[PDB]
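So the structure is just underneath, and the comments pick up after that.
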Amino acid sequence: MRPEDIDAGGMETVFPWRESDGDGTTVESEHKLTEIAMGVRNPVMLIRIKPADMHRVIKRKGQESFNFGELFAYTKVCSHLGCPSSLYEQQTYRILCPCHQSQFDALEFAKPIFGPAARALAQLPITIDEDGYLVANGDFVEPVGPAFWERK
Amino acid sequence: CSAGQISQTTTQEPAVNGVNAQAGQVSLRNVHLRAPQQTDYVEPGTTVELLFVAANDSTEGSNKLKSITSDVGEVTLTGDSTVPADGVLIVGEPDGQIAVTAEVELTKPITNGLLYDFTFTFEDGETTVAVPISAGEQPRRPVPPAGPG
Amino acid sequence: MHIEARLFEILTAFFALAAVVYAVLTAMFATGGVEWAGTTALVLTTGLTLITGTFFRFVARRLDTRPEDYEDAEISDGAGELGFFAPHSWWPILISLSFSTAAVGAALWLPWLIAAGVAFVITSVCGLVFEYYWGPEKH
Amino acid sequence: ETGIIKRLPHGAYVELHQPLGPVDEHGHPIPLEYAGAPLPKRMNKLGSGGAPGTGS
Amino acid sequence: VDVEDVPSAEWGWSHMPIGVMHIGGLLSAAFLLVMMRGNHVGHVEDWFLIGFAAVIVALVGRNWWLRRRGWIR
Amino acid sequence: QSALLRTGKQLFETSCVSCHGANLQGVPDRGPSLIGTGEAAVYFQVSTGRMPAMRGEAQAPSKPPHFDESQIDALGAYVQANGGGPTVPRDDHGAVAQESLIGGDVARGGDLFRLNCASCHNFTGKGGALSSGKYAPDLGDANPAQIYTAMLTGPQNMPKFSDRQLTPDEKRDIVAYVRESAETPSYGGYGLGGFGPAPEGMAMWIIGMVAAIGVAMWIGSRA
Amino acid sequence: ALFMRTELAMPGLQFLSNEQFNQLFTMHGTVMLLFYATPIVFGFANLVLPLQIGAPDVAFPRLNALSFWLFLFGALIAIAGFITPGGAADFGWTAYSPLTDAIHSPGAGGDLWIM
Amino acid sequence: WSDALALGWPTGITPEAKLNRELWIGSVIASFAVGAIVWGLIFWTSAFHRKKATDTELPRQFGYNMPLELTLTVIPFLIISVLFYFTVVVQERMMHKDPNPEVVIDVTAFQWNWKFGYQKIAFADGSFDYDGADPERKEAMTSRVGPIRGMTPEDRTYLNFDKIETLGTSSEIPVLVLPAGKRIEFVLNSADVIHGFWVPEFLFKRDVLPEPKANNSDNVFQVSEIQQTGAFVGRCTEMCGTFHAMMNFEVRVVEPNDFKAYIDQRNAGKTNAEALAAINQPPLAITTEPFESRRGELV
Ligand SMILES: CCCCCCCCCCC(=O)OC[C@H]1O[C@H](O[C@@H]2[C@H](O)[C@@H](O)[C@H](O)[C@@H](O[C@H]3O[C@H](CO[C@H]4O[C@H](CO[C@H]5O[C@H](CO)[C@@H](O)[C@H](O)[C@@H]5O[C@H]5O[C@H](CO)[C@@H](O)[C@H](O)[C@@H]5O)[C@@H](O)[C@H](O)[C@@H]4O)[C@@H](O)[C@H](O)[C@@H]3O)[C@@H]2OP(=O)(O)OC[C@@H](COC(=O)CCCCCCCC[C@H](C)CC)OC(=O)CCCCCCCCCC)[C@@H](O)[C@@H](O)[C@@H]1O
Ligand SMILES: CCCCCCCCCCCCCCCC(=O)OC[C@H]1O[C@H](O[C@@H]2[C@H](O)[C@@H](O)[C@H](O)[C@@H](O[C@H]3O[C@H](CO)[C@@H](O)[C@H](O)[C@@H]3O)[C@@H]2OP(=O)(O)OC[C@@H](COC(=O)CCCCCCCC[C@H](C)CCCCCCCC)OC(=O)CCCCCCCCCCCCCCC)[C@@H](O)[C@@H](O)[C@@H]1O
Ligand SMILES: CCCCCCCCCCCCCCCC(=O)OC[C@H]1O[C@H](O[C@@H]2[C@H](O)[C@@H](O)[C@H](O)[C@@H](O[C@H]3O[C@H](CO)[C@@H](O)[C@H](O)[C@@H]3O)[C@@H]2OP(=O)(O)OC[C@@H](COC(=O)CCCCCCCC[C@H](C)CCCCCCCC)OC(=O)CCCCCCCCCCCCCCC)[C@@H](O)[C@@H](O)[C@@H]1O
Ligand code: HEC
Ligand code: HEC
Ligand SMILES: CCCCCCCCCCCCC
Ligand code: FES
Ligand SMILES: [Ca+2]
Ligand SMILES: [Cu+2]
Ligand SMILES: [Cu+2]
């Protein structure tokens, strides 16, 4: 995927893919891609903030450089119970979870603003390589998904 | 409750890649840069196009556009940059348009996804826009086919 | 009950006169010709008083003077059973709830809610009609 | 309460009641004691409506 | 309770202590007030919570005052 | 065509200046700029009847259109001439393409719809509620052109899927699934709205339990 | 009416929007004319009219009770437009056409007002 | 004083307004005279017929005065009959239309603003003739079987279009320029809903309807002349939606020579604001100003 493939106000689900994963033509390649698809913490939402709204973005400590300009990547797994929160409203910049109605402010580092969610969605650092393809700029700085007793 | 002074529909921005700007009395709409890309950067020396529409809020007098500057290169204005009394001034010819143009000679590399500051002066106000790069109706560039891994 | 229909015949004559006058006055020197909405309403407004008045005229000439139609009747003249009057019923509130359910379905255009409301109204109306006619359980 | 309203010669309006037990010499029924069982409230449920008639 | 208030007082459970309803109402209003603590950014809901809590507190206080003065039993 | 442009502006002046401005720059707190939205946005917003809007609320609802096909094209051309933008697909005769937009791979469209649309529009485009007064309307009434333009322009809260994020062939596959999932009859009886367990539980309580209790009354005795 | 009258005290919109004010006089008038004045006509009728004519009851006691509940639930349906996000009816109690058409009044508040 | 008895009625700038104002003052005087009599009778019996402390027997039980009753039904009939005659006289004068107006104005009302077009100008002295009819844009609206007499509800052919048109904006109040002392004809057509064409100084208004001919509405009214120059506000009176209170307009009255100069400027491609400045007039409306676009003070 490339940064110009997504317009302002658009959202797209992305998955962690490597060169060695292959195109799925080979039997071992299919199993590797199947594992990517069924990974419960794999899906990530890529949103492109409208440039006129970039002044309203509030950065989280330790995540000020996690965005490639106006492209932001947040985990698709809701922090409450693990449902995919993929109801992205482009104008209000709200991420709504269809399971228990949790709402996250995409401008304020996906901080929850409604529902039973109390923790913000993890942000994935992103960048581009020499060929211009969007790649991850590291790993999540916090665990992804529902919380547990041993978390943080 | 949702029909009060704070309304969700009324404050919505256009679903376009351009940027709105207020240059004192001139409304800058759909401000974006056209720059086809091949690699991670558009190298210096490449000529790109800056496209926008200037709207005259006032309806009594006229206005003229001068001195578009940016820290990405030099911007050249060709044509009659005067906006009429209550009309528009279309700078650039975007895709889907069946002649004022803004030609930018790059000094430092640019890439789609970031914001680059541009300065607009007409006669009564100088503002910064932070213009983005917008691919228009161009098709998705082909991706080389991955191997078996 | 000669006064009751005389009230309706008096209203009938005025409504008939107004309906005729309005139709003629709108046919001439009025843009668009006869104004149909008001003329139709006035003509059938006469019909409302005509049907009620005619029925009361037929009922009046059948039965003789009632105690409440007498100019010098005694209270003891009305002794006897008056008729059946329902002592209590919770069916009327169910009928309104049934009708309100259908109206809400029609307002939001939910055909399933409209169908439920119509079925509720029929069941609720059936209960009101059959309330004082159901026999004892048979076992 | 049978639902039938009767006008007395002096103008009183009274409703005919169906006693469920013994009555007084004046005609008013003797009050009965609650026994935890349902009590009839409609005359038609007590058989006052009769039967329409045997046949198809 | 007496049979004059509840006719079938001897046929089943017919009395609930007034202290249970009074304390429950006060805990009812307190739970509404603590729910303003949350992630919601609007305050329309907060005023609704305040109004309902105030109504519940007023009802509990009126009942307690009337029972204390002896106007109701 | 100069005839189409002046007709569109003439229609625009008495219907779209109060909220969008005379020069399409937008009226603050009343309406956004129409520069660069393109003919596709105008086609969707007018043919679906969403525009002209009547008031400010959580979400502008759909209603009967205020213009016919010829006036929609004129309005689209006028807005298109101001800023450019995406255009509605057209067939050989120049009319708005409807049948040619139906893709041939409905299985691919189903997976794409479930990845990209099901979240807001439900498993079978029945609609879904959004945050505060907003909602994803049922998709059973939109023609293929309207679905294509909605995916292109991203109206209100729907993401503006570009031709690079979703290729024309992918969009045609999605509208094929949208059009077929709405025209496919239910196989196990009445569909009950297709909303899942919620109508199913309501139907049980109001039909089966009512019948079961009603039958119990008939067999059983009172008191 | 207190909300409107407070808003009209000073020029400029202090706390109400145009839409909310439009909904206010529509519903204010609907409630006063159809939900207060018309029913209380029958309010005084059930109080004294059988007494005034020396009657023991109305002609149809169950139909009389049906009117009250039809009136209470019908009024609640129209008022229930205020809980919708769009709001209640805003075209005035006169409901002049074609302002009440689905093109110009697409909200569900107007439909609840009609039903 | 006539101003006190007018109860806020503007003086008027047209002879029809003057005649209407004269009828209003006389009717108010008649109404006040009747009200004073009835209020005095109510106050008289309330102050002098109260129960005293030295009365034991009930008052005289009279409840029928036939001669008084018959008299009290004729006097109100006479007053309304007199008022009806003057009412009929005034409305005939106000609704009278001359077959040869000097200025014809096309008034187009829409949600939520105004558009003013100059259909035809024909001065009675022959010093100015102009035909502003634009039939090549009226035939472009036709939409066509059709649900209504072969036409779809989007026909819009009932509207009128002109070469010189003043179009209203959200940040620019539309100003209509008219000559003083000339007969003006107003043709009212509404695009969408019903609006209201009210100039308070005209002391007259008429509703602006879509498809006025199909609704049997006479959408044309004339004023004999405007007796003074200046600027007068105009407001919408018919509930037309969200911005029913924010679509005011202004009527600017200038001298015949000034009006001719203004029309020439408009014919020369000048906008309404600069053409007004060309005749030494304020470019914007002075009686009213555009409303702030913000939905309120809390935004
Ligand atoms: C009585 C109940 C009332 C409550 C009070 C009593 C309990 C309160 C007392 C304590 C207590 O709760 O104990 C019970 C629990 O015990 C065991 O939990 C302990 C501990 O608590 C957990 O927090 C901890 O997380 C567990 O380590 C796992 O993660 C470790 C890492 O994590 C740390 O980092 C996390 C996130 O960050 C990092 O994330 C990733 C980690 O790599 C990487 O991405 C990355 O490195 C990142 O780091 C960054 O850091 C910096 C950034 O700035 C920079 O450097 C870099 O940038 C870098 O990137 C945080 O989120 C975490 O919080 C944490 O800080 C790994 O290191 C480990 O390898 C492993 O994976 C750990 O487990 P351990 O060590 O394996 O075992 C020990 C032993 C438990 O000791 C006890 O005291 C037991 C007795 C007391 C409890 C009751 C039992 C006895 C009573 C009787 C039996 C009754 C009759 O085990 C056991 O016997 C457990 C047996 C089962 C229970 C039986 C109950 C009885 C059964 C019947 C009922 C687990 O079993 C839990 O399931 C269990 O609940
Ligand atoms: C006596 C009995 C009943 C009496 C009640 C009748 C009178 C009540 C009076 C209420 C006032 C009416 C005003 C209506 C108009 C209105 O509302 O327009 C105001 C604007 O406000 C919001 O903008 C705020 C700003 O203007 C913006 O500048 C700002 O930006 C924005 O900030 C948010 O938004 C930003 C985004 O921009 C974010 O950045 C930011 O972070 C934040 O989120 C602001 O928003 P926010 O704080 O949400 O405030 C919203 C409204 C809030 O509404 C409301 O009235 C809520 C309704 C409450 C009603 C109470 C319920 C009663 C229940 C029943 C009666 C119980 C049953 C009884 C039982 C039976 C009886 C047995 C005895 O505030 C107010 O009006 C003030 C509230 C004061 C009311 C006091 C009443 C309390 C109850 C007391 C009762 C005591 C009783 C005791 C008895 C003894 C937006 O909505 C705007 O569009 C809107 O335009
Ligand atoms: C003893 C007891 C035992 C008996 C129990 C059995 C009872 C069941 C009886 C019924 C069985 C019917 C079998 C046939 C099945 C069938 O062949 O099915 C046809 C098709 O039909 C629907 O297609 C519609 C169109 O044809 C499509 O063109 C259109 O596209 C589609 O639209 C959907 O799709 C669009 C995108 O495509 C979306 O845009 C859109 O929004 C929507 O989703 C449409 O569907 P829709 O609008 O759903 O309804 C339309 C319904 C209208 O509703 C209804 O049936 C409502 C009524 C039933 C529904 C269930 C009850 C609801 C209960 C609620 C709880 C009510 C709430 C109350 C609240 C109170 C409590 C709360 C606290 O019209 C009809 O069928 C008319 C038929 C009416 C027949 C009535 C039966 C008569 C019985 C008489 C018995 C006499 C016996 C006497 C003996 C003596 C869809 O289903 C299709 O899939 C389906 O294929
Ligand atoms: C005020 C009541 C409006 C009128 C009258 C018209 N429009 Fe509008 N429009 C309005 C708003 C508040 C919005 C934004 C939110 C929404 O409901 O979509 C819009 C949106 C549009 C768009 C979409 C813009 C985008 O970003 O792509 C278009 C193309 C549009 N409006 C066109 C349009 C036309 C042609 C109108 C005259 C028929 C018209 N609008 C009237 C507010 C209002
Ligand atoms: C939630 C964030 C959405 C996602 C993801 C998708 N859609 Fe959507 N859609 C959404 C809304 C809120 C609306 C209404 C907008 C309006 O301006 O009123 C829509 C609208 C449509 C429509 C138009 C439907 C009509 O009324 O007939 C269509 C055809 C549609 N949406 C289709 C669609 C598809 C195919 C999507 C996957 C790419 C999709 N939507 C995503 C909300 C959301
Ligand atoms: C120049 C303005 C003078 C104010 C006139 C006020 C008239 C008051 C009339 C009161 C009538 C009450 C019935
Ligand atoms: S799963 Fe996202 S809200 Fe509970
Ligand atoms: Ca104010
Ligand atoms: Cu208007
Ligand atoms: Cu108006």
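Lettering and numbering for the structure tokens are positional, with chains as A, B, ... in the shown order, residues counted from 1 in each chain, and ligands counted from 1 in the shown order.
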Could you pull out the residues sitting within 10 Å of ligand 9, using only C-alpha atoms and all ligand atoms, and write them as number ranges by chain? H: 109-114, 190, 192-197, 207-208, 235-248
Residues within 8 Å of stretch 53-69 of chain E, please, as a list in words. Count only C-alpha atoms; anything in the same chain fewer than 6 positions from it doesn't count. residues 22, 25, 26, 28, 29, 30, 32 and 33 of chain E
Contacts of residue D:31 at 12 Å or less, counting only C-alpha atoms, minus same-chain residues fewer than 4 places along, as a VMD selection string? chain D and resid 19 to 24
Generate the output file for the selected residues, C-alpha atoms, as a short mmCIF file (atom, residue, chain, number, x, y, z; two decimals), in the first residue's frame.
```cif
data_model
loop_
_atom_site.label_atom_id
_atom_site.label_comp_id
_atom_site.auth_asym_id
_atom_site.auth_seq_id
_atom_site.Cartn_x
_atom_site.Cartn_y
_atom_site.Cartn_z
CA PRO D 19 -75.51 -11.00 46.11
CA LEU D 20 -73.10 -13.92 46.36
CA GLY D 21 -74.67 -15.21 49.57
CA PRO D 22 -77.47 -14.68 52.09
CA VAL D 23 -79.25 -11.34 52.29
CA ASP D 24 -80.80 -9.27 55.08
#
```
Go through the chains and note each residue within 7 Å of ligand 8, using only C-alpha atoms and all ligand atoms, then give the set as a ChimeraX atom specification. /G:7-14
Would you list the residues that come within 9 Å of ligand 2? Count only C-alpha atoms and all ligand atoms and give the answer as a VMD selection string. (chain B and resid 1 to 7) or (chain E and resid 40 to 59) or (chain G and resid 3 14 to 17 20) or (chain H and resid 295 to 299)
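Among the residues of chain A, backbone DSSP assigns alpha helix (DSSP H) to residues 27, 28, 29, 30, 31, 32, 33, 34, 35, 36 and 37 of chain A.
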Please, could you write that set of residues out with C-alpha atoms as a PDB file, in the first residue's frame?
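out.pdb was written with the following content:
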```pdb
ATOM      1  CA  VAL A  27       0.834 -24.283   0.438  1.00  0.00           C
ATOM      2  CA  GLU A  28       3.233 -22.953   3.082  1.00  0.00           C
ATOM      3  CA  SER A  29       2.549 -19.425   1.821  1.00  0.00           C
ATOM      4  CA  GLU A  30      -1.208 -19.858   2.313  1.00  0.00           C
ATOM      5  CA  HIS A  31      -0.775 -21.029   5.912  1.00  0.00           C
ATOM      6  CA  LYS A  32       1.407 -18.008   6.693  1.00  0.00           C
ATOM      7  CA  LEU A  33      -1.196 -15.656   5.208  1.00  0.00           C
ATOM      8  CA  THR A  34      -3.986 -17.525   7.011  1.00  0.00           C
ATOM      9  CA  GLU A  35      -2.178 -16.915  10.307  1.00  0.00           C
ATOM     10  CA  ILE A  36      -2.008 -13.195   9.477  1.00  0.00           C
ATOM     11  CA  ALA A  37      -5.739 -13.057   8.723  1.00  0.00           C
TER      12      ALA A  37
END
```
Quick one: residues within 7 Å of stretch 125-141 of chain A, only C-alpha atoms counted, chain neighbours fewer than 3 positions away excluded, as number ranges by chain? A: 1-3, 66-68, 73, 122; B: 39-40
Can you write out as a Markdown table which residues of chain G fall within 12 Å of ligand 10, alongside each residue's closest atom pair and its distance in Å to one decimal, counting only C-alpha atoms and all ligand atoms and ordering rows by chain and ascending residue number?
```
| residue | atom | partner | partner_atom_place_in_ligand_line | distance |
| --- | --- | --- | --- | --- |
| G:22 | CA | ligand 10 | 1 (Cu) | 11.4 |
| G:91 | CA | ligand 10 | 1 (Cu) | 10.8 |
| G:92 | CA | ligand 10 | 1 (Cu) | 11.9 |
| G:96 | CA | ligand 10 | 1 (Cu) | 11.9 |
| G:99 | CA | ligand 10 | 1 (Cu) | 10.7 |
```
Could you save those same residues with N, CA, C and O atoms as an mmCIF file, in the first residue's frame?
```
data_model
loop_
_atom_site.group_PDB
_atom_site.id
_atom_site.type_symbol
_atom_site.label_atom_id
_atom_site.label_comp_id
_atom_site.auth_asym_id
_atom_site.auth_seq_id
_atom_site.Cartn_x
_atom_site.Cartn_y
_atom_site.Cartn_z
ATOM 1 N N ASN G 22 -38.056 27.139 15.886
ATOM 2 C CA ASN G 22 -39.136 26.735 14.992
ATOM 3 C C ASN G 22 -39.907 25.552 15.561
ATOM 4 O O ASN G 22 -41.140 25.503 15.470
ATOM 5 N N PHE G 91 -42.861 23.188 11.511
ATOM 6 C CA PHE G 91 -43.545 23.891 10.435
ATOM 7 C C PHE G 91 -44.755 24.682 10.921
ATOM 8 O O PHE G 91 -45.568 25.122 10.101
ATOM 9 N N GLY G 92 -44.893 24.871 12.226
ATOM 10 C CA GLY G 92 -46.046 25.545 12.780
ATOM 11 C C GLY G 92 -47.241 24.618 12.910
ATOM 12 O O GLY G 92 -47.376 23.620 12.203
ATOM 13 N N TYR G 96 -48.593 24.264 7.034
ATOM 14 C CA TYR G 96 -48.800 24.668 5.651
ATOM 15 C C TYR G 96 -47.947 23.831 4.706
ATOM 16 O O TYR G 96 -46.794 23.506 5.003
ATOM 17 N N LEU G 99 -44.515 22.946 2.743
ATOM 18 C CA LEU G 99 -43.486 22.935 3.777
ATOM 19 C C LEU G 99 -43.501 21.631 4.566
ATOM 20 O O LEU G 99 -42.459 21.196 5.067
#
```
Between chain B and ligand 5, at 12 Å or less, what are the per-residue closest atom pairs and their distances in Å? Count only C-alpha atoms and all ligand atoms, order by chain and rising residue number, and return it as a tab-separated table.
```
residue	atom	partner	partner_atom_place_in_ligand_line	distance
B:9	CA	ligand 5	17 (O)	9.9
B:12	CA	ligand 5	17 (O)	11.6
B:15	CA	ligand 5	17 (O)	11.1
```
Writing out the chosen residues with N, CA, C and O atoms as a PDB file, in the first residue's frame:
```
ATOM      1  N   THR B   9     -23.879  18.487  11.356  1.00  0.00           N
ATOM      2  CA  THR B   9     -23.875  18.641   9.904  1.00  0.00           C
ATOM      3  C   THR B   9     -23.361  20.012   9.482  1.00  0.00           C
ATOM      4  O   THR B   9     -22.631  20.128   8.490  1.00  0.00           O
ATOM      5  N   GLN B  12     -19.480  20.629   9.265  1.00  0.00           N
ATOM      6  CA  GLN B  12     -18.704  19.657   8.510  1.00  0.00           C
ATOM      7  C   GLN B  12     -17.884  20.330   7.416  1.00  0.00           C
ATOM      8  O   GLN B  12     -18.320  21.302   6.794  1.00  0.00           O
ATOM      9  N   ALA B  15     -15.562  16.974   1.809  1.00  0.00           N
ATOM     10  CA  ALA B  15     -14.866  15.691   1.707  1.00  0.00           C
ATOM     11  C   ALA B  15     -13.956  15.701   0.479  1.00  0.00           C
ATOM     12  O   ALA B  15     -14.128  14.950  -0.483  1.00  0.00           O
TER      13      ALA B  15
END
```
To check your reading of the model: which residues sit at most 7 Å from ligand 7 when counting only C-alpha atoms and all ligand atoms? Write the answer as a PyMOL selection string. chain A and resi 78-85+97-102+115-117
Written file, previous selection with N, CA, C and O atoms, as a PDB file, in the first residue's frame:
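File written: part-v7.pdb
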```
ATOM      1  N   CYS A  78     -10.793  -3.268  19.865  1.00  0.00           N
ATOM      2  CA  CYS A  78     -11.254  -2.392  20.934  1.00  0.00           C
ATOM      3  C   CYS A  78     -10.607  -2.783  22.256  1.00  0.00           C
ATOM      4  O   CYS A  78     -10.451  -3.966  22.567  1.00  0.00           O
ATOM      5  N   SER A  79     -10.231  -1.774  23.040  1.00  0.00           N
ATOM      6  CA  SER A  79      -9.564  -2.000  24.313  1.00  0.00           C
ATOM      7  C   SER A  79     -10.497  -2.532  25.393  1.00  0.00           C
ATOM      8  O   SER A  79     -10.015  -2.934  26.457  1.00  0.00           O
ATOM      9  N   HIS A  80     -11.807  -2.546  25.154  1.00  0.00           N
ATOM     10  CA  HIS A  80     -12.749  -2.981  26.178  1.00  0.00           C
ATOM     11  C   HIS A  80     -12.859  -4.501  26.233  1.00  0.00           C
ATOM     12  O   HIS A  80     -12.523  -5.113  27.251  1.00  0.00           O
ATOM     13  N   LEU A  81     -13.322  -5.122  25.143  1.00  0.00           N
ATOM     14  CA  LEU A  81     -13.533  -6.565  25.145  1.00  0.00           C
ATOM     15  C   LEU A  81     -13.010  -7.251  23.889  1.00  0.00           C
ATOM     16  O   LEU A  81     -13.220  -8.461  23.734  1.00  0.00           O
ATOM     17  N   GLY A  82     -12.345  -6.533  22.988  1.00  0.00           N
ATOM     18  CA  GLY A  82     -11.694  -7.144  21.850  1.00  0.00           C
ATOM     19  C   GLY A  82     -12.469  -7.126  20.551  1.00  0.00           C
ATOM     20  O   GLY A  82     -11.977  -7.672  19.556  1.00  0.00           O
ATOM     21  N   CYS A  83     -13.655  -6.529  20.521  1.00  0.00           N
ATOM     22  CA  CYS A  83     -14.392  -6.426  19.274  1.00  0.00           C
ATOM     23  C   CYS A  83     -13.679  -5.469  18.321  1.00  0.00           C
ATOM     24  O   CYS A  83     -12.994  -4.541  18.755  1.00  0.00           O
ATOM     25  N   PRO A  84     -13.810  -5.681  17.014  1.00  0.00           N
ATOM     26  CA  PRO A  84     -13.233  -4.726  16.060  1.00  0.00           C
ATOM     27  C   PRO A  84     -14.014  -3.423  16.022  1.00  0.00           C
ATOM     28  O   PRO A  84     -15.148  -3.384  15.541  1.00  0.00           O
ATOM     29  N   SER A  85     -13.423  -2.348  16.541  1.00  0.00           N
ATOM     30  CA  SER A  85     -14.058  -1.030  16.528  1.00  0.00           C
ATOM     31  C   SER A  85     -13.682  -0.346  15.221  1.00  0.00           C
ATOM     32  O   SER A  85     -12.668   0.345  15.126  1.00  0.00           O
ATOM     33  N   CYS A  97     -17.306   1.428  18.497  1.00  0.00           N
ATOM     34  CA  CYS A  97     -17.298  -0.028  18.562  1.00  0.00           C
ATOM     35  C   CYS A  97     -18.725  -0.556  18.480  1.00  0.00           C
ATOM     36  O   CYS A  97     -19.561  -0.189  19.315  1.00  0.00           O
ATOM     37  N   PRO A  98     -19.041  -1.405  17.500  1.00  0.00           N
ATOM     38  CA  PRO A  98     -20.433  -1.852  17.339  1.00  0.00           C
ATOM     39  C   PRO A  98     -20.905  -2.807  18.421  1.00  0.00           C
ATOM     40  O   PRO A  98     -22.115  -3.046  18.521  1.00  0.00           O
ATOM     41  N   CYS A  99     -20.002  -3.361  19.229  1.00  0.00           N
ATOM     42  CA  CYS A  99     -20.407  -4.352  20.221  1.00  0.00           C
ATOM     43  C   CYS A  99     -21.066  -3.699  21.431  1.00  0.00           C
ATOM     44  O   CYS A  99     -22.214  -4.011  21.766  1.00  0.00           O
ATOM     45  N   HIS A 100     -20.333  -2.810  22.103  1.00  0.00           N
ATOM     46  CA  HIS A 100     -20.889  -2.158  23.314  1.00  0.00           C
ATOM     47  C   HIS A 100     -20.824  -0.638  23.240  1.00  0.00           C
ATOM     48  O   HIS A 100     -20.645  -0.067  24.301  1.00  0.00           O
ATOM     49  N   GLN A 101     -20.808  -0.059  22.037  1.00  0.00           N
ATOM     50  CA  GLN A 101     -21.026   1.371  21.823  1.00  0.00           C
ATOM     51  C   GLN A 101     -19.904   2.237  22.392  1.00  0.00           C
ATOM     52  O   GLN A 101     -20.141   3.378  22.795  1.00  0.00           O
ATOM     53  N   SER A 102     -18.680   1.722  22.433  1.00  0.00           N
ATOM     54  CA  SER A 102     -17.552   2.544  22.846  1.00  0.00           C
ATOM     55  C   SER A 102     -17.150   3.498  21.727  1.00  0.00           C
ATOM     56  O   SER A 102     -17.171   3.149  20.546  1.00  0.00           O
ATOM     57  N   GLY A 115     -18.994   5.103  26.368  1.00  0.00           N
ATOM     58  CA  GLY A 115     -19.099   3.668  26.464  1.00  0.00           C
ATOM     59  C   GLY A 115     -18.319   3.096  27.628  1.00  0.00           C
ATOM     60  O   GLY A 115     -17.782   3.823  28.468  1.00  0.00           O
ATOM     61  N   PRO A 116     -18.247   1.764  27.700  1.00  0.00           N
ATOM     62  CA  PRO A 116     -17.522   1.110  28.795  1.00  0.00           C
ATOM     63  C   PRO A 116     -16.013   1.066  28.615  1.00  0.00           C
ATOM     64  O   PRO A 116     -15.323   0.523  29.484  1.00  0.00           O
ATOM     65  N   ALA A 117     -15.479   1.609  27.524  1.00  0.00           N
ATOM     66  CA  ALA A 117     -14.039   1.619  27.311  1.00  0.00           C
ATOM     67  C   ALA A 117     -13.388   2.686  28.181  1.00  0.00           C
ATOM     68  O   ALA A 117     -13.851   3.830  28.227  1.00  0.00           O
TER      69      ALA A 117
END
```
Could you list, as a PyMOL selection string, all the residues within 12 Å of ligand 1, counting only C-alpha atoms and all ligand atoms? chain A and resi 62+138-144+147-152
Give the residues close to ligand 6, within 8 Å, counting only C-alpha atoms and all ligand atoms; write them as a compact mmCIF listing (two decimals) with N, CA and C atoms, in the first residue's frame.
```txt
# COMPACT_ATOMS: atom_id res chain seq x y z
N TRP H 1 -53.87 62.84 18.00
CA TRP H 1 -52.71 62.54 17.16
C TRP H 1 -52.95 61.27 16.35
N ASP H 3 -50.56 59.44 14.93
CA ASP H 3 -49.54 58.44 15.26
C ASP H 3 -49.95 57.61 16.46
N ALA H 4 -50.52 58.24 17.49
CA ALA H 4 -50.99 57.49 18.65
C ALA H 4 -52.13 56.56 18.28
N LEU H 5 -53.06 57.03 17.45
CA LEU H 5 -54.19 56.21 17.04
C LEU H 5 -53.80 55.16 16.00
N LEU H 7 -51.23 53.15 16.30
CA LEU H 7 -50.75 52.00 17.06
C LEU H 7 -49.53 51.34 16.41
N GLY H 8 -48.63 52.14 15.85
CA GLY H 8 -47.42 51.62 15.24
C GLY H 8 -47.46 51.46 13.74
N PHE H 32 -62.48 51.45 19.60
CA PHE H 32 -62.24 52.00 20.93
C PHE H 32 -63.51 52.57 21.54
N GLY H 35 -65.51 49.64 22.72
CA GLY H 35 -64.87 49.04 23.89
C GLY H 35 -65.03 49.88 25.14
```
